[PDB]
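For reference, query16.cif (mmCIF, C-alpha atoms):
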data_work
#
loop_
_atom_site.label_atom_id
_atom_site.label_comp_id
_atom_site.auth_asym_id
_atom_site.auth_seq_id
_atom_site.Cartn_x
_atom_site.Cartn_y
_atom_site.Cartn_z
CA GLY A 1 9.45 55.04 27.96
CA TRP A 2 11.10 56.04 24.69
CA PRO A 3 14.29 58.13 24.80
CA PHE A 4 14.34 61.78 23.66
CA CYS A 5 14.89 62.55 19.98
CA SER A 6 18.04 64.11 18.64
CA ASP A 7 17.74 67.22 16.48
CA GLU A 8 18.98 65.12 13.56
CA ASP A 9 16.06 62.69 13.91
CA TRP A 10 13.58 65.08 12.23
CA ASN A 11 12.62 63.85 8.74
CA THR A 12 13.74 60.29 9.60
CA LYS A 13 11.33 59.90 12.60
CA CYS A 14 7.99 61.77 12.42
CA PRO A 15 4.79 62.31 14.42
CA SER A 16 1.75 60.05 14.51
CA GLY A 17 -0.80 60.80 11.79
CA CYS A 18 -3.50 60.81 14.50
CA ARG A 19 -1.63 63.46 16.50
CA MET A 20 -1.24 65.56 13.37
CA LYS A 21 -4.93 65.34 12.46
CA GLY A 22 -5.71 66.39 16.02
CA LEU A 23 -3.45 69.45 15.66
CA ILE A 24 -4.80 70.24 12.18
CA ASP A 25 -8.38 70.11 13.50
CA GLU A 26 -7.52 72.41 16.40
CA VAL A 27 -6.04 75.01 14.07
CA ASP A 28 -9.03 74.85 11.69
CA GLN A 29 -11.47 75.22 14.60
CA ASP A 30 -9.51 78.28 15.87
CA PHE A 31 -9.47 79.92 12.46
CA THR A 32 -13.15 79.15 11.73
CA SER A 33 -14.15 80.53 15.15
CA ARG A 34 -12.11 83.69 14.66
CA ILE A 35 -13.58 84.33 11.20
CA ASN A 36 -17.06 83.95 12.60
CA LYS A 37 -16.35 86.36 15.48
CA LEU A 38 -15.01 88.93 12.97
CA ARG A 39 -18.19 88.64 10.89
CA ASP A 40 -20.25 89.16 14.09
CA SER A 41 -18.30 92.40 14.60
CA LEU A 42 -18.88 94.00 11.20
CA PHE A 43 -21.96 95.69 12.64
CA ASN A 44 -20.91 95.05 16.25
CA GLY B 1 -11.11 54.06 22.57
CA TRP B 2 -10.92 54.12 18.77
CA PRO B 3 -13.59 52.56 16.55
CA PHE B 4 -12.79 49.55 14.36
CA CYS B 5 -11.53 50.23 10.84
CA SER B 6 -13.62 49.45 7.79
CA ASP B 7 -12.26 47.81 4.63
CA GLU B 8 -12.27 51.17 2.89
CA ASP B 9 -9.87 52.75 5.44
CA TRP B 10 -6.76 50.89 4.31
CA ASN B 11 -4.40 53.08 2.26
CA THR B 12 -5.99 56.20 3.80
CA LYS B 13 -5.14 55.13 7.40
CA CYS B 14 -2.01 53.06 8.11
CA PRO B 15 -0.02 51.53 11.00
CA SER B 16 2.46 53.29 13.27
CA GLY B 17 6.04 53.31 11.94
CA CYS B 18 7.24 52.15 15.37
CA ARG B 19 4.94 49.13 15.14
CA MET B 20 6.10 48.32 11.59
CA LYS B 21 9.77 48.54 12.62
CA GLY B 22 9.00 46.16 15.47
CA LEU B 23 7.28 43.69 13.14
CA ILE B 24 10.00 43.93 10.49
CA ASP B 25 12.70 43.16 13.02
CA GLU B 26 10.74 40.27 14.49
CA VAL B 27 10.34 38.70 11.05
CA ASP B 28 14.08 39.08 10.34
CA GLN B 29 14.99 37.48 13.67
CA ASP B 30 12.64 34.57 13.03
CA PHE B 31 13.94 33.93 9.51
CA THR B 32 17.60 34.32 10.60
CA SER B 33 17.03 31.76 13.39
CA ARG B 34 15.31 29.32 11.03
CA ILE B 35 18.00 29.62 8.36
CA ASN B 36 20.74 29.06 10.96
CA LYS B 37 18.97 25.92 12.24
CA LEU B 38 18.77 24.50 8.71
CA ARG B 39 22.48 25.29 8.20
CA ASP B 40 23.41 23.49 11.42
CA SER B 41 21.56 20.40 10.19
CA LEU B 42 23.12 20.40 6.69
CA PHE B 43 26.71 21.47 7.49
CA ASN B 44 26.81 20.47 11.15
CA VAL C 1 4.29 61.13 -9.95
CA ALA C 2 7.46 59.86 -8.20
CA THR C 3 10.06 58.69 -10.76
CA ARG C 4 13.65 57.53 -10.60
CA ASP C 5 14.61 61.02 -11.81
CA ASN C 6 12.80 63.10 -9.19
CA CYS C 7 12.86 60.64 -6.28
CA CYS C 8 16.28 59.17 -5.51
CA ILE C 9 15.05 56.50 -3.12
CA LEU C 10 12.10 55.29 -5.22
CA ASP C 11 11.21 51.58 -5.06
CA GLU C 12 7.66 51.29 -6.38
CA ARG C 13 7.10 47.84 -4.88
CA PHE C 14 6.43 49.80 -1.70
CA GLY C 15 3.50 51.64 -3.26
CA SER C 16 2.60 55.23 -3.97
CA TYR C 17 4.55 57.93 -2.09
CA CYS C 18 3.21 60.70 0.18
CA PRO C 19 4.54 63.58 2.30
CA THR C 20 5.79 62.38 5.73
CA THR C 21 4.08 63.67 8.87
CA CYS C 22 7.22 65.80 9.41
CA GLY C 23 6.38 67.56 6.12
CA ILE C 24 2.78 67.88 7.35
CA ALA C 25 3.93 69.42 10.67
CA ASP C 26 6.24 71.86 8.89
CA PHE C 27 3.49 72.90 6.43
CA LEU C 28 1.07 73.34 9.37
CA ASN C 29 3.48 75.63 11.17
CA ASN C 30 3.96 77.84 8.07
CA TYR C 31 0.22 77.96 7.37
CA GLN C 32 -0.81 78.61 10.96
CA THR C 33 1.69 81.44 11.44
CA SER C 34 0.72 83.12 8.17
CA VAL C 35 -3.05 82.96 8.63
CA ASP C 36 -2.82 84.01 12.29
CA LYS C 37 -1.02 87.24 11.27
CA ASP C 38 -3.82 88.21 8.92
CA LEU C 39 -6.49 87.38 11.42
CA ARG C 40 -4.70 89.56 14.00
CA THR C 41 -4.84 92.46 11.52
CA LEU C 42 -8.62 92.14 11.13
CA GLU C 43 -9.07 91.68 14.88
CA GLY C 44 -7.26 94.98 15.39
CA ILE C 45 -9.61 96.72 12.96
CA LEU C 46 -12.97 95.34 14.09
CA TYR C 47 -12.37 95.11 17.84
CA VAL D 1 24.05 65.88 -3.75
CA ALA D 2 20.81 65.70 -1.72
CA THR D 3 20.55 63.64 1.46
CA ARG D 4 18.43 60.46 1.15
CA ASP D 5 15.81 61.87 3.49
CA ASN D 6 15.39 64.90 1.20
CA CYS D 7 15.77 63.64 -2.39
CA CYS D 8 12.10 63.07 -3.28
CA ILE D 9 10.52 66.52 -2.96
CA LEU D 10 7.33 66.27 -5.03
CA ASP D 11 5.60 69.39 -3.63
CA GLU D 12 7.72 72.31 -2.49
CA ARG D 13 5.36 73.13 0.38
CA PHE D 14 5.10 69.57 1.77
CA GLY D 15 8.66 68.33 1.48
CA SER D 16 10.24 64.99 0.60
CA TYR D 17 8.02 61.93 0.06
CA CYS D 18 8.05 58.37 1.39
CA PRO D 19 5.91 55.27 0.95
CA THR D 20 3.10 54.86 3.50
CA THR D 21 3.18 52.25 6.26
CA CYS D 22 0.31 50.49 4.39
CA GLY D 23 2.81 49.96 1.55
CA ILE D 24 5.38 48.82 4.10
CA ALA D 25 2.85 46.41 5.71
CA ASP D 26 1.66 45.01 2.39
CA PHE D 27 5.23 44.47 1.17
CA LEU D 28 6.10 42.79 4.50
CA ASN D 29 3.07 40.52 4.33
CA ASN D 30 3.96 39.26 0.85
CA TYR D 31 7.65 38.87 1.69
CA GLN D 32 7.03 37.10 4.99
CA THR D 33 4.44 34.73 3.48
CA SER D 34 6.68 33.89 0.52
CA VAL D 35 9.84 33.26 2.54
CA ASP D 36 7.91 31.34 5.23
CA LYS D 37 6.54 28.95 2.60
CA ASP D 38 10.00 28.33 1.20
CA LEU D 39 11.42 27.71 4.69
CA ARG D 40 8.52 25.35 5.56
CA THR D 41 9.33 23.18 2.55
CA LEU D 42 13.01 23.01 3.48
CA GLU D 43 12.17 22.29 7.13
CA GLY D 44 9.91 19.41 6.08
CA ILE D 45 12.65 17.50 4.27
CA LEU D 46 14.04 14.54 6.27
CA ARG E 1 -5.39 71.52 27.09
CA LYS E 2 -3.99 68.07 26.27
CA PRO E 3 -2.27 67.15 22.96
CA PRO E 4 -5.19 66.16 20.69
CA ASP E 5 -5.51 62.89 18.77
CA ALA E 6 -8.04 62.27 16.04
CA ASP E 7 -9.27 59.85 13.37
CA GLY E 8 -7.61 56.62 14.46
CA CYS E 9 -9.20 53.19 13.98
CA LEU E 10 -8.33 49.67 15.11
CA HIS E 11 -7.26 47.22 12.41
CA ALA E 12 -8.73 43.69 12.40
CA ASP E 13 -5.22 42.32 12.91
CA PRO E 14 -4.13 43.46 16.41
CA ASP E 15 -0.50 43.32 15.36
CA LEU E 16 -1.14 46.34 13.11
CA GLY E 17 -2.76 48.24 15.99
CA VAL E 18 -4.20 51.74 15.52
CA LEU E 19 -4.26 53.06 11.95
CA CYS E 20 -3.84 56.81 11.38
CA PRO E 21 -4.19 59.23 8.40
CA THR E 22 -1.30 59.02 5.97
CA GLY E 23 0.71 62.00 4.78
CA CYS E 24 -1.42 62.03 1.59
CA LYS E 25 -4.71 62.15 3.54
CA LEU E 26 -3.38 64.89 5.84
CA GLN E 27 -2.10 66.87 2.81
CA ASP E 28 -5.54 66.60 1.13
CA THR E 29 -7.14 67.83 4.35
CA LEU E 30 -4.82 70.85 4.58
CA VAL E 31 -5.15 71.86 0.96
CA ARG E 32 -8.93 71.59 1.22
CA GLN E 33 -9.02 73.68 4.45
CA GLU E 34 -6.57 76.41 3.36
CA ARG E 35 -8.65 77.55 0.38
CA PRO E 36 -11.83 78.71 2.16
CA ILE E 37 -9.90 80.20 5.10
CA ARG E 38 -7.72 82.33 2.81
CA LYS E 39 -10.67 83.39 0.62
CA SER E 40 -12.76 84.30 3.66
CA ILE E 41 -9.96 86.49 5.03
CA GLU E 42 -9.62 88.28 1.68
CA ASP E 43 -13.37 88.88 1.38
CA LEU E 44 -13.64 89.98 4.97
CA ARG E 45 -10.97 92.63 4.30
CA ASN E 46 -13.04 93.98 1.42
CA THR E 47 -16.29 93.91 3.38
CA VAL E 48 -14.58 96.05 6.03
CA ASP E 49 -14.07 98.59 3.21
CA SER E 50 -17.47 98.24 1.53
CA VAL E 51 -19.33 98.75 4.84
CA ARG F 1 2.92 37.94 22.42
CA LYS F 2 2.52 41.72 22.78
CA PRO F 3 3.05 43.44 19.40
CA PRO F 4 6.60 44.76 19.10
CA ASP F 5 7.29 48.49 18.87
CA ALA F 6 10.70 49.91 18.07
CA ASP F 7 12.82 52.95 17.30
CA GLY F 8 10.50 55.62 18.68
CA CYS F 9 11.75 58.81 20.36
CA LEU F 10 10.10 61.67 22.24
CA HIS F 11 10.20 65.04 20.48
CA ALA F 12 11.29 68.09 22.53
CA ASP F 13 7.87 69.64 21.88
CA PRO F 14 5.32 67.63 23.83
CA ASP F 15 2.58 68.49 21.32
CA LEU F 16 4.32 66.34 18.73
CA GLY F 17 4.65 63.31 20.99
CA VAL F 18 6.38 60.09 19.98
CA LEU F 19 8.17 60.13 16.61
CA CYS F 20 8.46 56.91 14.57
CA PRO F 21 10.50 55.81 11.53
CA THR F 22 9.15 57.17 8.23
CA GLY F 23 8.15 54.93 5.31
CA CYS F 24 11.54 55.76 3.75
CA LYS F 25 13.53 54.37 6.70
CA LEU F 26 11.30 51.28 6.91
CA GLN F 27 11.72 50.69 3.18
CA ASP F 28 15.54 50.88 3.49
CA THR F 29 15.44 48.31 6.29
CA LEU F 30 13.39 45.82 4.25
CA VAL F 31 15.36 46.29 1.01
CA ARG F 32 18.61 45.54 2.86
CA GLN F 33 17.25 42.49 4.74
CA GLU F 34 15.49 40.85 1.81
CA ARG F 35 18.61 40.32 -0.28
CA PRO F 36 20.69 38.08 2.03
CA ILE F 37 17.53 36.29 3.21
CA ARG F 38 16.39 35.33 -0.30
CA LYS F 39 19.95 34.41 -1.33
CA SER F 40 20.47 32.28 1.76
CA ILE F 41 17.26 30.37 0.94
CA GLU F 42 18.36 29.78 -2.65
CA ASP F 43 21.70 28.53 -1.31
CA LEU F 44 19.92 26.06 0.98
CA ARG F 45 17.70 24.84 -1.88
CA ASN F 46 20.78 24.14 -3.97
CA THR F 47 22.54 22.22 -1.22
CA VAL F 48 19.40 20.12 -0.75
CA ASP F 49 18.75 19.58 -4.48
CA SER F 50 22.39 18.56 -4.92
CA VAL F 51 21.44 15.35 -3.11
#
Translate this file's structure into structure tokens.
Amino acid sequence: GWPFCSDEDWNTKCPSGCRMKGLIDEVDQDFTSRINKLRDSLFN
Amino acid sequence: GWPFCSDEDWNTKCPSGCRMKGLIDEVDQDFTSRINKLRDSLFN
Amino acid sequence: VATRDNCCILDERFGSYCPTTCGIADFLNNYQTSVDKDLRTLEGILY
Amino acid sequence: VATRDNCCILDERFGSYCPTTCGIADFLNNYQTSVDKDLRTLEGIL
Amino acid sequence: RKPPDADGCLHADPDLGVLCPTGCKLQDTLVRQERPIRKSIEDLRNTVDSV
Amino acid sequence: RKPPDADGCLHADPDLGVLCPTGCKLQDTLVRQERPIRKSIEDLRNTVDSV
């Protein structure tokens, strides 16, 4: 049960690399999906 | 449920900073205790 | 490359240097917000 | 002056750099092994 | 949805625990991903116009 | 013994989870500890060798 971070902690304490890759993957999946849906709509 | 690392993963994937801080502190406590014991035997 | 002149905390015994995951999170926020705006523009046009 | 958590900016879009925890772990392993050997020798003297 | 975690692996030495992508690996991933996404958005804009 | 963890904190945004010391903070810790430790060991060697 870690305590909550202070605002000042950013850049001295940072997220897990596994959490970041998870977030990065989610964003890339969202963008890839949206680009594909746009292409599917060029001729409806 | 993570898989086991391969030899090629090191340098690309690394330990948690919270775990390294824990390990660093444990090593310092061990060495400090051992040095103090040697001092007690030589000057005490 | 990190040097004494461009990296005030450099101690090379600790190996090569990389962005921190805070830098990664801040980059991701800038990138995500920017790209999302452009996608919203296209979504308004084609839908 | 720059603060010590922001004085190694090597890419303007990714911020200030730090060693990885693999570098930290490898440095710690060498340091701990070296110091432990020296302490063992001292602790073995009667 | 639940905060996602990806690409971790267990080191042979339990004391080191789960290893995760470094800032350099994550940066490489982002730079590699940004290029095709931005290009695709530019091209898509033009295709809208060439239709 | 269960591997020790230290200095983590929970970020206000749950998506970011637990934050841990960066390589820079960990480096500072080791650089500062190594000096008195190595000097203390040299001091002990000298007291011993002086006999």
(message) Take the PyMOL selection byres ((chain A) within 10 of (chain E)), run it mentally on this structure, and tell me the resulting residues as a PyMOL selection string.
(response) chain A and resi 16-26+28+31-32+35-36+38-39+42-43
(message) Using the chain letters and numbers from this file, what does the PyMOL selection byres ((chain D) within 9 of (chain A)) select? Give the answer as a list in words.
(response) residues 5, 6 and 16 of chain D
(request) Quote the C-alpha RMSD, in Å to one decimal, that results from superposing chain E on chain F by least squares across all C-alpha atoms in order. (result)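 It comes to 1.2 Å after superposition.
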(request) Quote the spacing between CA of residue 46 in chain D and CA of residue 33 in chain B in Å to one decimal place. (result) 18.9 Å
(request) Counting all atoms listed in the file, collect the residues of chain C whose closest atom lies at most 9 Å from chain E, and write them out as a PyMOL selection string. (result) chain C and resi 17-24+27-28+31+35+38-39+42+45-46
(message) Using all atoms listed in the file, I'd like every residue of chain E that has an atom within 9 Å of chain F; please write them out as a PyMOL selection string.
(response) chain E and resi 2-4+14-17
(message) So the first atom is CA of residue 19 in chain D and the second is CA of residue 11 in chain E; what is the distance between them in Å, to one decimal place?
(response) 19.2 Å
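Minimum atom-to-atom distance to chain A, evaluated using only C-alpha atoms, belongs to B:15 out of B:44, B:6, B:27, B:15.
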(message) Rounded to one decimal, what separation in Å do you get between CA of residue 13 in chain A and CA of residue 14 in chain D?
(response)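 Distance reported for this atom pair: 15.8 Å.
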(request) Write out as an MDAnalysis selection string each polymer residue whose atoms come within 9 Å of range 6-15 of chain C, counting all atoms listed in the file; drop sequence neighbours fewer than 5 positions from it. (result) (chainID C and resid 1) or (chainID D and resid 2 4:10 16:27) or (chainID F and resid 23:24 27:28)
(request) Compare C:16, C:4, C:40, C:30 by their minimum atom-to-atom distance to chain D, counting only C-alpha atoms, and give me the closest one. (result)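 Answer, going by the shortest atom-to-atom distance: C:16.
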Working from the structure I just supplied, which lacks atoms in range 17-46 of chain F, can you model N, CA and C atoms there and output them as a PDB file, in the coordinates of the input?
ATOM      1  N   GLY F  17       4.627  64.668  20.466  1.00  0.00           N
ATOM      2  CA  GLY F  17       4.650  63.310  20.990  1.00  0.00           C
ATOM      3  C   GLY F  17       5.782  62.410  20.532  1.00  0.00           C
ATOM      4  N   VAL F  18       5.440  61.132  20.389  1.00  0.00           N
ATOM      5  CA  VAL F  18       6.380  60.090  19.980  1.00  0.00           C
ATOM      6  C   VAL F  18       6.573  60.099  18.465  1.00  0.00           C
ATOM      7  N   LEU F  19       7.833  60.146  18.040  1.00  0.00           N
ATOM      8  CA  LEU F  19       8.170  60.130  16.610  1.00  0.00           C
ATOM      9  C   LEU F  19       8.577  58.699  16.252  1.00  0.00           C
ATOM     10  N   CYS F  20       8.180  58.264  15.060  1.00  0.00           N
ATOM     11  CA  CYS F  20       8.460  56.910  14.570  1.00  0.00           C
ATOM     12  C   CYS F  20       9.091  56.920  13.193  1.00  0.00           C
ATOM     13  N   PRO F  21       9.856  55.871  12.853  1.00  0.00           N
ATOM     14  CA  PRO F  21      10.500  55.810  11.530  1.00  0.00           C
ATOM     15  C   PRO F  21       9.506  56.088  10.385  1.00  0.00           C
ATOM     16  N   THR F  22       9.957  56.865   9.412  1.00  0.00           N
ATOM     17  CA  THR F  22       9.150  57.170   8.230  1.00  0.00           C
ATOM     18  C   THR F  22       9.097  55.949   7.295  1.00  0.00           C
ATOM     19  N   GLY F  23       8.231  56.019   6.293  1.00  0.00           N
ATOM     20  CA  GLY F  23       8.150  54.930   5.310  1.00  0.00           C
ATOM     21  C   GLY F  23       9.479  54.757   4.583  1.00  0.00           C
ATOM     22  N   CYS F  24      10.241  55.844   4.436  1.00  0.00           N
ATOM     23  CA  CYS F  24      11.540  55.760   3.750  1.00  0.00           C
ATOM     24  C   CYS F  24      12.526  54.918   4.551  1.00  0.00           C
ATOM     25  N   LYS F  25      12.606  55.148   5.869  1.00  0.00           N
ATOM     26  CA  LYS F  25      13.530  54.370   6.700  1.00  0.00           C
ATOM     27  C   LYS F  25      13.113  52.902   6.751  1.00  0.00           C
ATOM     28  N   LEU F  26      11.807  52.653   6.848  1.00  0.00           N
ATOM     29  CA  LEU F  26      11.300  51.280   6.910  1.00  0.00           C
ATOM     30  C   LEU F  26      11.583  50.556   5.600  1.00  0.00           C
ATOM     31  N   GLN F  27      11.441  51.260   4.480  1.00  0.00           N
ATOM     32  CA  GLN F  27      11.720  50.690   3.180  1.00  0.00           C
ATOM     33  C   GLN F  27      13.197  50.280   3.093  1.00  0.00           C
ATOM     34  N   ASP F  28      14.088  51.172   3.526  1.00  0.00           N
ATOM     35  CA  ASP F  28      15.540  50.880   3.490  1.00  0.00           C
ATOM     36  C   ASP F  28      15.832  49.599   4.274  1.00  0.00           C
ATOM     37  N   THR F  29      15.237  49.480   5.460  1.00  0.00           N
ATOM     38  CA  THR F  29      15.440  48.310   6.290  1.00  0.00           C
ATOM     39  C   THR F  29      15.055  47.027   5.549  1.00  0.00           C
ATOM     40  N   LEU F  30      13.862  47.018   4.945  1.00  0.00           N
ATOM     41  CA  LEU F  30      13.390  45.820   4.250  1.00  0.00           C
ATOM     42  C   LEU F  30      14.200  45.476   2.993  1.00  0.00           C
ATOM     43  N   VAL F  31      14.581  46.494   2.230  1.00  0.00           N
ATOM     44  CA  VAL F  31      15.360  46.290   1.010  1.00  0.00           C
ATOM     45  C   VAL F  31      16.701  45.637   1.365  1.00  0.00           C
ATOM     46  N   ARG F  32      17.318  46.098   2.446  1.00  0.00           N
ATOM     47  CA  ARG F  32      18.610  45.540   2.860  1.00  0.00           C
ATOM     48  C   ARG F  32      18.517  44.129   3.473  1.00  0.00           C
ATOM     49  N   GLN F  33      17.412  43.809   4.142  1.00  0.00           N
ATOM     50  CA  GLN F  33      17.250  42.490   4.740  1.00  0.00           C
ATOM     51  C   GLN F  33      16.848  41.441   3.730  1.00  0.00           C
ATOM     52  N   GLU F  34      15.985  41.817   2.792  1.00  0.00           N
ATOM     53  CA  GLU F  34      15.490  40.850   1.810  1.00  0.00           C
ATOM     54  C   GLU F  34      16.574  40.172   0.978  1.00  0.00           C
ATOM     55  N   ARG F  35      17.579  40.917   0.563  1.00  0.00           N
ATOM     56  CA  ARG F  35      18.610  40.320  -0.280  1.00  0.00           C
ATOM     57  C   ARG F  35      19.350  39.115   0.300  1.00  0.00           C
ATOM     58  N   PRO F  36      19.982  39.250   1.481  1.00  0.00           N
ATOM     59  CA  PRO F  36      20.690  38.080   2.030  1.00  0.00           C
ATOM     60  C   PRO F  36      19.734  36.946   2.435  1.00  0.00           C
ATOM     61  N   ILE F  37      18.513  37.310   2.823  1.00  0.00           N
ATOM     62  CA  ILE F  37      17.530  36.290   3.210  1.00  0.00           C
ATOM     63  C   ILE F  37      17.149  35.444   1.987  1.00  0.00           C
ATOM     64  N   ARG F  38      16.756  36.091   0.883  1.00  0.00           N
ATOM     65  CA  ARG F  38      16.390  35.330  -0.300  1.00  0.00           C
ATOM     66  C   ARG F  38      17.584  34.544  -0.862  1.00  0.00           C
ATOM     67  N   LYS F  39      18.785  35.112  -0.780  1.00  0.00           N
ATOM     68  CA  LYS F  39      19.950  34.410  -1.330  1.00  0.00           C
ATOM     69  C   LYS F  39      20.310  33.209  -0.468  1.00  0.00           C
ATOM     70  N   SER F  40      20.171  33.361   0.845  1.00  0.00           N
ATOM     71  CA  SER F  40      20.470  32.280   1.760  1.00  0.00           C
ATOM     72  C   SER F  40      19.517  31.111   1.521  1.00  0.00           C
ATOM     73  N   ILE F  41      18.251  31.420   1.206  1.00  0.00           N
ATOM     74  CA  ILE F  41      17.260  30.370   0.940  1.00  0.00           C
ATOM     75  C   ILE F  41      17.572  29.674  -0.376  1.00  0.00           C
ATOM     76  N   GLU F  42      18.002  30.423  -1.390  1.00  0.00           N
ATOM     77  CA  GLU F  42      18.360  29.780  -2.650  1.00  0.00           C
ATOM     78  C   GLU F  42      19.564  28.873  -2.395  1.00  0.00           C
ATOM     79  N   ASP F  43      20.520  29.337  -1.591  1.00  0.00           N
ATOM     80  CA  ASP F  43      21.700  28.530  -1.310  1.00  0.00           C
ATOM     81  C   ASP F  43      21.297  27.211  -0.631  1.00  0.00           C
ATOM     82  N   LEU F  44      20.346  27.271   0.301  1.00  0.00           N
ATOM     83  CA  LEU F  44      19.920  26.060   0.980  1.00  0.00           C
ATOM     84  C   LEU F  44      19.219  25.120  -0.016  1.00  0.00           C
ATOM     85  N   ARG F  45      18.397  25.676  -0.899  1.00  0.00           N
ATOM     86  CA  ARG F  45      17.700  24.840  -1.880  1.00  0.00           C
ATOM     87  C   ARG F  45      18.704  24.091  -2.737  1.00  0.00           C
ATOM     88  N   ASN F  46      19.770  24.777  -3.134  1.00  0.00           N
ATOM     89  CA  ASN F  46      20.780  24.140  -3.970  1.00  0.00           C
ATOM     90  C   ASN F  46      21.531  23.053  -3.229  1.00  0.00           C
TER      91      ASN F  46
END
